[PDB]
Amino acid sequence: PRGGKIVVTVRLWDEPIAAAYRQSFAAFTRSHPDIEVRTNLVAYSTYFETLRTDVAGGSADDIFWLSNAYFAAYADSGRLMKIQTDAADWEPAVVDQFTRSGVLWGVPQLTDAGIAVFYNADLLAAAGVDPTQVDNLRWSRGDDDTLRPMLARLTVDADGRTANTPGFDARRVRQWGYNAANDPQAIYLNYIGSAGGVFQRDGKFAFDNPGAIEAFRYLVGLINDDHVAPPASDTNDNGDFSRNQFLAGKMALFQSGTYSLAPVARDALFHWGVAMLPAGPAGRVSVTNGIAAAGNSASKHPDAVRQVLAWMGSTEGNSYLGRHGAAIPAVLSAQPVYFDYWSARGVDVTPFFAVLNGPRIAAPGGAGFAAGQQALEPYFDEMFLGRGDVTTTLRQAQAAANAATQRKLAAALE
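Residues numbered from 1 in each chain as written, not as in the entry; some residues may be left out. Heavy atoms only, no water. Residues with missing side-chain atoms left out of burial classes, pairs and counts.

By the method listed in its record, X-ray crystallography, this PDB entry was determined to a resolution of 1.5000 Å.

**Q** Help me out: how do you make sense of the overall build of the protein in this one?
**A** Scanning the protein from terminus to terminus reveals 17 helices and 17 strands. In terms of C-alpha radius of gyration, the protein reaches 23 Å, essentially the compact-globule figure of 22 Å for 414 residues. C-alpha atoms of the protein, sized along the principal axes, occupy 80 × 50 × 30 Å. Excluding contacts between residues fewer than 6 apart, the proportion of contacts in the protein whose partners are at least 24 apart in sequence is 71%. (Helix = DSSP H or I, 4+ residues; strand = E, 2+ residues; numbered from the N terminus. Rg over C-alpha atoms; globule rule 2.2 N^0.38 Å. Contact = heavy atoms within 4.5 Å.)

**Q** Teacher, can you tell me more about the packing of helix 1 (residues 15–31) against helix 13 (residues 315–322) here?
**A** Helix-helix packing is described using two parameters, namely the angle between the two axes and the distance between the axes. Packing of helix 1 against helix 13 brings their axes to within 8 Å, and their N-to-C directions diverge by 155°. In terms of orientation, helix 1 lies roughly antiparallel with respect to helix 13. Judged by the sense of rotation from one axis to the other, the crossing of helix 1 with helix 13 is right-handed. Mapping the contact onto sequence places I17, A20, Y21, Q23, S24, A27 and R30 in helix 1 and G317, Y320 and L321 in helix 13. Among the residues forming the contact of helix 1 with helix 13, the class breakdown is six nonpolar, three polar and one charged. (Axes fitted to C-alpha atoms, helices over the stretch in contact; angles between N-to-C directions. Parallel < 35°, antiparallel > 145°, perpendicular 65-115°, else oblique. Left-handed = near helix turned anticlockwise from the far one by under 90°. Nonpolar A, V, L, I, M, F, W, Y, C, P; charged D, E, K, R; others polar.)

**Q** Which parts of the structure should I look at to understand the pattern of salt bridges?
**A** If the charged atoms of two oppositely charged side chains come close together, the side chains can form a pair. For the coordinates displayed, the defined rule picks out eight salt bridges. The shortest N-O distance in the salt bridge between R360 and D96 comes to 3.1 Å. In this pair, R360 is assigned in strand 17 (residues 360–362) and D96 in helix 4 (residues 92–97), connecting sequence segments 264 residues apart. Taken together, the shared-partner salt bridges connect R11, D54 and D61 into one network. (Salt bridge = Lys/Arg side-chain N within 4 Å of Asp/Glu carboxyl O.)

**Q** Got a minute to help me understand the pairing of strand 1 (residues 6–12) in this structure?
**A** Every regular strand shows the same layout, with side chains that alternate between the two sheet faces. Across seven bridges, strand 1 lies against strand 2 (residues 35–41) in parallel orientation. Residue pairing in the sheet places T9 in a bridge with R38 of strand 2. The handedness of the strand 1 to strand 2 crossover, carried by helix 1, is right-handed. In this sheet, strand 3 (residues 63–66) lies alongside strand 1 in parallel orientation, the contact comprising two bridges. (Pairing = 2+ DSSP bridges. Right-handed = clockwise from strand over helix to strand, strands pointing away.)

**Q** In this structure, what is going on with the nonpolar core? I would like to understand it.
**A** Nonpolar side chains in soluble globular proteins tend to end up buried together. Counting residues in each nonpolar core, the largest one holds 82 residues, and the members touching the most others are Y188, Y191, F199, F216, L253 and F380. Broken down by element, the residue count for this core peaks at nine residues, all from helix 8 (residues 210–226). (Core = buried A, V, L, I, M, F, W, Y, C linked by side-chain atoms within 4.5 Å. Buried < 20%, exposed > 50% of the residue type's maximum accessible area, 1.4 Å probe, protein only.)

**Q** So what exactly am I meant to see when it comes to helix 8 here?
**A** Helical periodicity: at 3.6 residues per turn, an α-helix aligns residues three or four positions apart in one direction. When the terminal C-alpha atoms of helix 8 are compared, their 22 Å separation across 17 residues agrees well with the 24 Å that a helix rising 1.5 Å per residue should span. A large share of helix 8 lies buried, amounting to twelve of its 17 residues. Turning to helix 8, its buried residues number three or more, namely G211, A212, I213, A215, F216, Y218, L219, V220, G221, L222, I223 and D226. Two to three positions downstream of the cap, the backbone nitrogen of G211 sits 3.1 Å from a side-chain oxygen, assigning the N-cap of helix 8 to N209. (Expected span 1.5 Å × (residues − 1). Polar contact = N/O pair within 3.5 Å; in protein donor to acceptor, adjacent residues only side chain to side chain.)

**Q** For this particular structure, what's the right way to read the sheet that holds strand 15 (residues 290–295)?
**A** Strand-to-strand pairing in sheets goes through backbone hydrogen bonds, with the strands running parallel or antiparallel. Taken in spatial order, the six strands make up an open sheet running 2-1-3-15-6-16, and their pairing is mixed. Strand pairing shows two members of the sheet lacking a second neighbour, strand 2 and strand 16 (328–329), which therefore form its edges.

**Q** Where do I start with the sheet that holds strand 7 (residues 116–120) in this structure?
**A** If you trace the three strands from one edge of the open sheet to the other, you get 12-7-13, paired in antiparallel fashion. Every interior strand has two partners, whereas the edge strands, strand 12 (253–256) and strand 13 (272–275), have only one. Adjacent strand axes in the sheet meet at a mean angle of 25° when their direction is disregarded. Taken together, the four bridges between strand 7 and strand 13 define a ladder with antiparallel strand orientation. Paired with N120 across the bridge in strand 13 is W272.

**Q** Quick question: what am I supposed to make of the environment of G368 here?
**A** Within the element layout of this structure, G368 appears in the loop between strand 17 and helix 16 (369–384). In this structure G368 touches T405, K408 and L409, once residues within four positions along its chain are discounted.

**Q** Help me understand the packing of helix 1 against helix 12 (residues 302–312), please; the structure alone is not making it clear to me.
**A** In the contact formed by helix 1 and helix 12, the axes pass within 11 Å of each other and the chain directions differ by 120°. Between helix 1 and helix 12, the interaxial angle falls into the category oblique. You can see that helix 1 and helix 12 cross each other, and the crossing is right-handed. Contacts between helix 1 and helix 12 involve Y21, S24, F25, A27, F28 and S31 on the former and, on the latter, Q307, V308, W311 and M312. Here the residues of the contact of helix 1 with helix 12 sort into seven nonpolar, three polar and no charged.

**Q** Help me understand unusual backbone geometry, please; the structure alone is not making it clear to me.
**A** As a rule of thumb, non-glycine residues mostly have phi less than zero, and peptide bonds are mostly trans rather than cis. Not every positive phi belongs to a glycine, and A113 is a case in point at roughly 55°. Tracing the chain through its elements places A113 in the loop between strand 6 (107–111) and strand 7. Backbone geometry at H227 places phi at a positive 65°, although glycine is not the residue there. As for its placement among the helices and strands, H227 is situated in the loop between helix 8 and helix 9 (232–235). Since its relative accessible area comes to 30%, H227 is described here as partly exposed.

Right, here's the structure in full:
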């Protein structure tokens, strides 16, 4: 029989990406035939709880995915290999999310990239707007704003009147300008970062601050006063509403991430493209998130783990994760396979990546986060419906969100 290979295990939570890794590792083992890599797919819902007990019990895989909201505890407690290499070919946003105490604690694998603005070029042309104009847009609570008049021109009622025109009837809107809504990823986290505010800090909700107040007041205005985005009752409990209106030819600008590329490309019958995120008072600040693979410091085969991590961080190894156009390599030299997948389909994905070259805001998360996000949602729904006031809602919602998180964490300790 042939020689026994050293077996390295890799843990993750995403089924299609697990399938791409299996392809990547088959290629690794052809050139490194002394090592066999096995993937271990564990469901996301219990991933971090099960990792914590496996690592504590000395039964964790050799390599495992981490997110920004959970890596620190592992790094601080010596559970992770230091990643000792230059980071120049790795997405900086992802490197930054796994750097602690001056050390990088995982090999960047995937990025969400940034948020951008899908546009219906036929509706822009109908309004006399060139697609290039959508890259010049600025939102502001002050007189320097240019987003609001653009959105008003792109919002039209059944009689053909735009949102800026006397006699416009918001009850009879047939086409919206935009998708402002109670939507953290596509909308409000970007508005908060673009106003210099935070959403989460040190594991707690922290969105009751001046930057966030400005962001939410602007969004409440777009929806309830300008009528350039759908009423909040259409979007508060219905995360696909705006994408569905965009696909139906009823929305000019649709701000979203690369997660909307596949459904838009599959169904849109009109001419469409992607433009930059609008700049706010602190600049164009997008939400982003990344995933890195950490090496288990307790591995029985550390040299093999280091070889497998070098492969995973390489052009060839990481290209496998992007070649179906469904996930974005964090290795910069591997990103062309994702760009080329999309450009073959007529989509230039540049704006999702260009926005990362600036200030950013992290996607929030962490232990007990889901409980707190669930708690704030009814308060945010009323705010986006134009009821009460932004300041009093944010105060109350933050207290409710933190209380729900803390209960969940207390229940876990006991």
